[PDB]
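Novice: Provide a 3D model corresponding to the input given below.
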Amino acid sequence: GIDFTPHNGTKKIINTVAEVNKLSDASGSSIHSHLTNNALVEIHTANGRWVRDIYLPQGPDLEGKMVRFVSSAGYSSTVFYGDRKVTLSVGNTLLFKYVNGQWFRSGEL
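Specialist: Numbering: from 1, shown residues only. Take a look:
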């Protein structure tokens with residue numbers, strides 16, 4: 001019964017090469033930084049704008065925060081979230097929310 005609605009309309013879009021390139025950070029540091037001032041980060045991978053591995057951050061200040069992925073990249077990516085991982089393939093959208101110290105993926109159950 002998770003409510004996948006952002007706290008407000010502050011939304012960061014990551015849709016350029018330089019920003020996508022930061023997403024391979026094991027700590028998810030750039031996503032973490034963008035979530036300090038935004039309720040939601042939405043990442044758009046595309047052809048020419050892709051990385052293989054993407055890590056969601058952990059930490060207290062992520063409470064209620066959300067991350068959306070939209071892939072238009074032919075290459076697949078792996079999104080790591082806590083002890084779990086999921087494949088982000090071309091033409092797919094993924095959505096996550098952090099509740100009481102854990103990421104929940106929409107549609108996981």
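
Novice: going forward, measure contacts and count neighbours with C-alpha atoms only.
Specialist: OK.

Novice: backbone dihedrals for residue 23, both of them.
Specialist: The phi/psi pair for residue 23 (degrees, to the nearest 10) reads phi -80, psi -10.

Novice: return the residues in contact with it.
Specialist: Residue 23 sits next to 29, 30, 31, 51, 53, 54, 55 when contact means C-alpha atoms under 8 Å, 6 or more residues apart in numbering.

Novice: now do residue 4
Specialist: 66, 96, 97, 106.

Novice: turn those into JSON lines, columns for neighbour count and secondary structure.
Specialist: Shown next, in JSON lines, are the contacts of residue 4 (neighbours: other C-alpha atoms under 10 Å; DSSP: H, G, I helix; E, B strand; the rest coil):
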{"residue": "66", "neighbour count": "25", "secondary structure": "strand"}
{"residue": "96", "neighbour count": "23", "secondary structure": "strand"}
{"residue": "97", "neighbour count": "22", "secondary structure": "strand"}
{"residue": "106", "neighbour count": "14", "secondary structure": "coil"}
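
Novice: what bridges to the residue nearest to the spatial centre of the chain?
Specialist: Centroid-nearest residue in the chain: residue 67, 3.9 Å away (criterion: C-alpha atoms, centre = their mean). Beta bridges link residue 67 to residue 41, residue 96, judged by DSSP bridges.

Novice: what of residue 103?
Specialist: residue 98.

Novice: how about CSV for the contacts of residue 4, with distance to residue 78 added?
Specialist: What follows is these, written out as CSV (distance: C-alpha to C-alpha, whole Å):
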residue, distance to residue 78
66, 18
96, 14
97, 17
106, 16
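
Novice: from the residues you listed, pick the one nearest residue 79.
Specialist: Of all the contacts of residue 4, residue 79 sits closest to residue 96, with 10.5 Å by C-alpha to C-alpha.

Novice: so who does that closest one touch?
Specialist: Here residue 96 is in contact with 4, 66, 67, 68, 103, 104, 105, 106 (C-alpha under 8 Å, 6+ apart).

Novice: go again using 10 Å as the cut-off
Specialist: Residue 96 makes contacts with 4, 40-41, 56, 64-69, 81, 102-108, as judged by C-alpha atoms under 10 Å, 6 or more residues apart in numbering.
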